[PDB]
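What follows is a single structure, written as structure tokens, with notes after it.
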Amino acid sequence: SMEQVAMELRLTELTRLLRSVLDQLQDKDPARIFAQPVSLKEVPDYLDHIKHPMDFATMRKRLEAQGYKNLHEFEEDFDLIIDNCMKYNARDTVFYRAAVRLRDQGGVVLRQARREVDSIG
């Protein structure tokens with residue numbers, strides 16, 4: 001139908017916007033701490049601690065499959081990156097500290113994203 005197409009164009013444009021959001025958030029991680037999944041070869045107990053692992057490469061795969069229906073779903077995955085890190089790693093670690101800085105700096109980007117998503121519909 002024409003409606004299904006219109007809907008598909010909306011999703012494509014959301015995907016376009018979320019791709020720009022993702023790039024902006026990932027720039028706030030210049031150390032690439034959150035770029036890839038925690039390695040289960042190198043941290044073999046990880047899934048005993050963290051039940052829903054997440055990382056920027058995994059978000060990108062979902063994004064490019066158009067698997068984010070709305071900004072909330074995208075934000076859920078970003079929050080998992082941060083929250084998983086802040087539980088697994090102690091406060092006095094470069095990992096924890098990187099998550100805090102990513103959360104703080106990401107907030108600005110996500111605040112405008114939500115306005116843009118609502119604005120453009």
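Lettering and numbering for the structure tokens are positional, with chains as A, B, ... in the shown order, residues counted from 1 in each chain, and ligands counted from 1 in the shown order.
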Show which residues sit within 10 Å of residue 120 in chain A, as a PDB file with N, CA, C and O atoms, in the first residue's frame. Count only C-alpha atoms, and ignore same-chain residues fewer than 3 positions away.
ATOM      1  N   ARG A  10       9.206   7.057   6.815  1.00  0.00           N
ATOM      2  CA  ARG A  10       9.316   7.560   8.237  1.00  0.00           C
ATOM      3  C   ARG A  10      10.439   6.778   8.950  1.00  0.00           C
ATOM      4  O   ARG A  10      11.341   7.397   9.506  1.00  0.00           O
ATOM      5  N   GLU A  13      13.836   7.611   7.652  1.00  0.00           N
ATOM      6  CA  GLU A  13      14.293   8.903   8.106  1.00  0.00           C
ATOM      7  C   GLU A  13      14.674   8.861   9.619  1.00  0.00           C
ATOM      8  O   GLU A  13      15.709   9.476   9.974  1.00  0.00           O
ATOM      9  N   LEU A  14      13.923   8.110  10.384  1.00  0.00           N
ATOM     10  CA  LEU A  14      14.281   7.932  11.844  1.00  0.00           C
ATOM     11  C   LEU A  14      15.674   7.294  11.902  1.00  0.00           C
ATOM     12  O   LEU A  14      16.555   7.732  12.679  1.00  0.00           O
ATOM     13  N   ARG A 115      13.691  16.317  20.881  1.00  0.00           N
ATOM     14  CA  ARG A 115      13.011  17.474  20.318  1.00  0.00           C
ATOM     15  C   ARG A 115      12.832  17.279  18.802  1.00  0.00           C
ATOM     16  O   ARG A 115      11.750  17.550  18.299  1.00  0.00           O
ATOM     17  N   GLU A 116      13.884  16.828  18.098  1.00  0.00           N
ATOM     18  CA  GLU A 116      13.874  16.620  16.633  1.00  0.00           C
ATOM     19  C   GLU A 116      12.926  15.525  16.191  1.00  0.00           C
ATOM     20  O   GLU A 116      12.226  15.646  15.169  1.00  0.00           O
ATOM     21  N   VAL A 117      12.889  14.452  16.964  1.00  0.00           N
ATOM     22  CA  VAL A 117      12.002  13.352  16.666  1.00  0.00           C
ATOM     23  C   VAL A 117      10.530  13.771  16.786  1.00  0.00           C
ATOM     24  O   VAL A 117       9.751  13.500  15.863  1.00  0.00           O
TER      25      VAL A 117
END
May I have a table of the residues of range 55-107 of chain A lying at most 9 Å from range 25-32 of chain A, giving each one's closest pair of atoms and their distance in Å to one decimal, counting only C-alpha atoms, ordered by chain and ascending residue number, as CSV?
residue,atom,partner,partner_atom,distance
A:56,CA,A:26,CA,7.2
A:78,CA,A:25,CA,8.9
A:98,CA,A:29,CA,7.3
A:99,CA,A:29,CA,8.6
A:101,CA,A:28,CA,7.8
A:102,CA,A:28,CA,5.8
A:105,CA,A:28,CA,6.7
A:106,CA,A:25,CA,5.7
For this session: Write out as a VMD selection string all residues of chain A that backbone DSSP assigns to alpha helix (DSSP H).
Result: chain A and resid 2 to 27 46 to 49 56 to 64 71 to 88 94 to 120
Could you turn the residues from that selection into a file that holds C-alpha atoms, as a PDB file, in the first residue's frame?
ATOM      1  CA  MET A   2       0.847   3.635  -0.150  1.00  0.00           C
ATOM      2  CA  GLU A   3       0.501   3.822   3.675  1.00  0.00           C
ATOM      3  CA  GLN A   4       3.069   0.993   4.188  1.00  0.00           C
ATOM      4  CA  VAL A   5       5.485   2.922   1.964  1.00  0.00           C
ATOM      5  CA  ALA A   6       4.913   6.217   3.871  1.00  0.00           C
ATOM      6  CA  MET A   7       5.532   4.305   7.115  1.00  0.00           C
ATOM      7  CA  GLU A   8       8.699   2.819   5.647  1.00  0.00           C
ATOM      8  CA  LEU A   9       9.944   6.299   4.593  1.00  0.00           C
ATOM      9  CA  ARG A  10       9.316   7.560   8.237  1.00  0.00           C
ATOM     10  CA  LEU A  11      11.418   4.598   9.554  1.00  0.00           C
ATOM     11  CA  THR A  12      14.164   5.322   7.053  1.00  0.00           C
ATOM     12  CA  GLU A  13      14.293   8.903   8.106  1.00  0.00           C
ATOM     13  CA  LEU A  14      14.281   7.932  11.844  1.00  0.00           C
ATOM     14  CA  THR A  15      17.160   5.555  11.000  1.00  0.00           C
ATOM     15  CA  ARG A  16      18.974   8.463   9.315  1.00  0.00           C
ATOM     16  CA  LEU A  17      18.549  10.655  12.381  1.00  0.00           C
ATOM     17  CA  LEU A  18      19.530   7.835  14.843  1.00  0.00           C
ATOM     18  CA  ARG A  19      22.608   7.138  12.758  1.00  0.00           C
ATOM     19  CA  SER A  20      23.717  10.749  13.242  1.00  0.00           C
ATOM     20  CA  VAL A  21      22.825  10.476  17.022  1.00  0.00           C
ATOM     21  CA  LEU A  22      24.886   7.287  17.252  1.00  0.00           C
ATOM     22  CA  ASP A  23      27.864   8.931  15.596  1.00  0.00           C
ATOM     23  CA  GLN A  24      27.661  11.880  17.945  1.00  0.00           C
ATOM     24  CA  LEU A  25      27.420   9.601  21.023  1.00  0.00           C
ATOM     25  CA  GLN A  26      30.277   7.387  19.867  1.00  0.00           C
ATOM     26  CA  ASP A  27      32.521  10.473  19.465  1.00  0.00           C
ATOM     27  CA  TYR A  46      30.697 -11.703  32.158  1.00  0.00           C
ATOM     28  CA  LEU A  47      27.185 -13.113  31.586  1.00  0.00           C
ATOM     29  CA  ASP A  48      27.031 -14.222  35.212  1.00  0.00           C
ATOM     30  CA  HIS A  49      27.129 -10.470  36.034  1.00  0.00           C
ATOM     31  CA  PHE A  56      28.112   0.468  19.976  1.00  0.00           C
ATOM     32  CA  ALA A  57      28.828  -2.123  17.255  1.00  0.00           C
ATOM     33  CA  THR A  58      25.800  -4.139  18.312  1.00  0.00           C
ATOM     34  CA  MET A  59      23.626  -0.961  18.244  1.00  0.00           C
ATOM     35  CA  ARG A  60      24.901  -0.182  14.778  1.00  0.00           C
ATOM     36  CA  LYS A  61      23.883  -3.634  13.465  1.00  0.00           C
ATOM     37  CA  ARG A  62      20.402  -3.103  14.855  1.00  0.00           C
ATOM     38  CA  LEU A  63      20.195   0.415  13.477  1.00  0.00           C
ATOM     39  CA  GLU A  64      21.207  -0.639   9.941  1.00  0.00           C
ATOM     40  CA  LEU A  71      13.995   6.892  19.999  1.00  0.00           C
ATOM     41  CA  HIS A  72      13.009   5.183  23.316  1.00  0.00           C
ATOM     42  CA  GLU A  73      14.243   1.796  22.075  1.00  0.00           C
ATOM     43  CA  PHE A  74      17.547   3.391  20.929  1.00  0.00           C
ATOM     44  CA  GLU A  75      17.982   5.103  24.282  1.00  0.00           C
ATOM     45  CA  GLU A  76      17.295   1.859  26.123  1.00  0.00           C
ATOM     46  CA  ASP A  77      20.336   0.274  24.350  1.00  0.00           C
ATOM     47  CA  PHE A  78      22.544   3.298  25.051  1.00  0.00           C
ATOM     48  CA  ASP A  79      21.585   3.228  28.735  1.00  0.00           C
ATOM     49  CA  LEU A  80      22.506  -0.502  28.844  1.00  0.00           C
ATOM     50  CA  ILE A  81      26.031   0.303  27.663  1.00  0.00           C
ATOM     51  CA  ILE A  82      26.457   2.778  30.516  1.00  0.00           C
ATOM     52  CA  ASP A  83      24.592   0.906  33.225  1.00  0.00           C
ATOM     53  CA  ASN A  84      26.293  -2.472  32.514  1.00  0.00           C
ATOM     54  CA  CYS A  85      29.685  -0.790  32.825  1.00  0.00           C
ATOM     55  CA  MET A  86      28.882   1.002  36.037  1.00  0.00           C
ATOM     56  CA  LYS A  87      27.811  -2.272  37.640  1.00  0.00           C
ATOM     57  CA  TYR A  88      30.643  -4.543  36.436  1.00  0.00           C
ATOM     58  CA  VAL A  94      38.972   4.004  33.848  1.00  0.00           C
ATOM     59  CA  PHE A  95      35.957   1.985  32.613  1.00  0.00           C
ATOM     60  CA  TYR A  96      33.466   3.327  35.165  1.00  0.00           C
ATOM     61  CA  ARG A  97      34.791   6.833  34.676  1.00  0.00           C
ATOM     62  CA  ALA A  98      34.451   6.567  30.912  1.00  0.00           C
ATOM     63  CA  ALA A  99      30.796   5.561  31.319  1.00  0.00           C
ATOM     64  CA  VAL A 100      30.044   8.543  33.566  1.00  0.00           C
ATOM     65  CA  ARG A 101      31.596  10.942  31.008  1.00  0.00           C
ATOM     66  CA  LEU A 102      29.666   9.252  28.150  1.00  0.00           C
ATOM     67  CA  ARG A 103      26.402   9.544  30.082  1.00  0.00           C
ATOM     68  CA  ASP A 104      27.024  13.213  30.915  1.00  0.00           C
ATOM     69  CA  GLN A 105      28.087  14.220  27.426  1.00  0.00           C
ATOM     70  CA  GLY A 106      25.465  12.076  25.717  1.00  0.00           C
ATOM     71  CA  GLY A 107      22.613  13.782  27.611  1.00  0.00           C
ATOM     72  CA  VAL A 108      22.965  16.944  25.524  1.00  0.00           C
ATOM     73  CA  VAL A 109      22.835  15.022  22.221  1.00  0.00           C
ATOM     74  CA  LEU A 110      19.844  12.978  23.320  1.00  0.00           C
ATOM     75  CA  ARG A 111      17.923  15.998  24.608  1.00  0.00           C
ATOM     76  CA  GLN A 112      18.017  17.576  21.141  1.00  0.00           C
ATOM     77  CA  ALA A 113      17.325  14.277  19.410  1.00  0.00           C
ATOM     78  CA  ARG A 114      14.065  13.933  21.296  1.00  0.00           C
ATOM     79  CA  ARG A 115      13.011  17.474  20.318  1.00  0.00           C
ATOM     80  CA  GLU A 116      13.874  16.620  16.633  1.00  0.00           C
ATOM     81  CA  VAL A 117      12.002  13.352  16.666  1.00  0.00           C
ATOM     82  CA  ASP A 118       8.851  15.042  18.120  1.00  0.00           C
ATOM     83  CA  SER A 119       9.294  18.126  15.887  1.00  0.00           C
ATOM     84  CA  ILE A 120       9.708  16.253  12.516  1.00  0.00           C
TER      85      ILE A 120
END
For this session: Might you pull out every residue within 10 Å of residue 38 in chain A, with only C-alpha atoms counted and same-chain residues fewer than 2 positions away left off, and present them as JSON, numbers by chain?
Result: {"A": [33, 34, 35, 36, 40, 41, 42, 43, 44, 46, 47, 53, 54, 55, 85]}
